[PDB]
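Next comes just one chain, in structure tokens: the form deposited in one PDB entry.
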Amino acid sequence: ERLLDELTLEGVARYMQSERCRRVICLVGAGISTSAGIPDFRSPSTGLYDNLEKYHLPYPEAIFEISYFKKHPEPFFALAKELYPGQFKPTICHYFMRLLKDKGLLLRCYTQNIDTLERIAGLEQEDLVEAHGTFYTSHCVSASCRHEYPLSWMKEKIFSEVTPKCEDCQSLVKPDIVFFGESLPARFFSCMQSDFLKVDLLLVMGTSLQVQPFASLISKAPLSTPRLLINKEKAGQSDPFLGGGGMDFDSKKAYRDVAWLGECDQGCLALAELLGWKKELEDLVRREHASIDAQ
């Protein structure tokens, strides 16, 4: 009747080491980076849209709006300096998906985060769908130029409080995050159309599944595909206030969805431990953290 022998983390681990679990898709959000020191810029405890009074924005979201940025880029870049992370050290959760890659299990990681930590942890561009873009690369905004700049160039401009301009054409250079007024990357839709024909397990980590169209990804899985949520709070259930592919963890009809409630790092650690990967994961994290700490 069902691919999981029980609706628990133990059931997921046994399935993961069975011949049927070949291809894993990860869907990740801000909750996998809060333990790296990166705030969830959508939680209120952060208060992003505060102290923006001096910029005289026609509305708070203008600082992330493409049309405003191209006319007045100085507020966005002042904010980017104010909130620039002190370090880019990926979490146990990020290195868990590097292990998935190493073991040939990672089909794709779809991320809502812009903080580059998936790449630092060793996921390659082919492994990634950065649904909201990334700060890792930046581009000249002129359509006839589009010169690409790395984060180290963009960092120097941001901290020196020099508005970044293209060396070839002197247009603005923008970090590759999807501003309001921009479309999600086409790669998001083309990869979704192919990847979800092939997926054996959906690993949903550190996302409340409230932002669309990212949240709708869970409904693209085949009906048999198990879905494991590792998150501080249960998420993804159908919303009774809207009257369908949502998460069913707890009903007598539940058959494939599992919720592990806690910190993402601790959940990934628990899953790795069940899989026999705990020493591999600790060795990788300790080595990569030491290398980053020594930069």
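So that there is no doubt, residue numbering starts at 1 and follows the sequence shown. For clarity, a rigid core is taken as the largest C-alpha set superposing within 1.5 Å between two forms.
The following text describes the form deposited in another entry, which does not appear among the structures shown.
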Requested in this report: Compare C-alpha positions between the shown form and the other one after fitting on the rigid core and state which of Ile63, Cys268, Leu228, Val28 moves by at least 2 angstroms.
Outcome: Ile63
Requested in this report: Superpose on the rigid core, then tell me if the C-alpha of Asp195 is displaced by 2 angstroms or more between the shown form and the other one.
Outcome: no
Query raised in the report: Fitting the rigid core first, would the Cα of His72 be found 2 Å or more away between the shown form and the other one?
Result: yes
Query raised in the report: Rigid core fitted, is the C-alpha displacement of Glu182 between the shown form and the other one 2 Å or more?
Result: yes
